[PDB]
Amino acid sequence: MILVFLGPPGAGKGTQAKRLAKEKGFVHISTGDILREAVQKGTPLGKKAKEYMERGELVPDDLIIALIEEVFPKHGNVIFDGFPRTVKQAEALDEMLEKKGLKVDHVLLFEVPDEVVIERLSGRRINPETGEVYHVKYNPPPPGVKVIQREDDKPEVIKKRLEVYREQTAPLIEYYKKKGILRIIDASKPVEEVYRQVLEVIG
């Protein structure tokens, strides 16, 4: 089974993907997480990608497509979390899979209002070591654990990231709808309720 998680930043896609991957045996492919590792490691990808990420812009398609080609799991179930984010990326993904006799099975759209997106991103805190995600209100970190606020989770960059999502990523809703594979998730609900919906639409 191959899944794509689609939706605005802050929708809870990473949180749901981690849970589903651990519980149902999926390889979790997060372009965000992989890019962050590349930036930390100072690879050619990381050095190039950094500028776009810091401004809240998408990293150029060719870089992302190459990345996916390099990490795509041979066999087994896969969650693409936050990829594709553009029509060109989605077209490349479909071509990739076709050559392997595979296809995307379901695309889950994590629907959530802008007001909630902004609350989620502004309260988002991460363990910079482990990548573990918390929220100051909805899932506070333990006192013993060091966390930071991502620089791209500041108001100005959040605004840009949301605009970028609406312009470049939201057209993927119709792209996948017309393939007959889109499923709607009310991503505004609490974590456990969202997870129940996720489990529902893939069974």
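Throughout, rigid core stands for the largest set of C-alpha atoms superposing within 1.5 Å between the two forms. Throughout, we count residues from 1 along the sequence that is shown.
- Taking the rigid core as the alignment reference, the C-alpha atoms of 133 to 141 lie farther on average from the displayed form in 7 other deposited structures of this protein than those of the other stretch among 133 to 141 and 171 to 179.
- Per-stretch RMS Cα distance to the displayed form in 7 other deposited structures of this protein, following rigid core alignment, is highest for 52 to 60 when 160 to 168 and 52 to 60 are compared.
- The stretch with the higher mean CA B factor, choosing between 131 to 139 and 54 to 62, is 131 to 139.
- Stretches 31 to 39 and 151 to 159 differ in mean C-alpha B factor, with the higher average recorded for 151 to 159.
- Out of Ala11, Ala21, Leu182, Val194, it is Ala21 whose C-alpha atom has the highest B-factor in the PDB entry.
- The residue among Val87, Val107, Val117, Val71 whose C-alpha atom has the highest B-factor in the PDB entry is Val117.
- Per the PDB record, residue ranking by Cα B-factor puts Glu91 in the middle third of the chain.
- Per the deposited record, the Cα B-factor of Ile173 falls in the lowest third when ranked against the other modelled residues of its chain.
- When all modelled residues of the chain are sorted by CA temperature factor, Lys47 is found within the middle third.
- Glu98: CA B factor in the highest third of modelled residues in this chain (values from the PDB entry).
- Among the modelled residues of its chain, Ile2 has a C-alpha B-factor that falls in the middle third, as given in the PDB entry.
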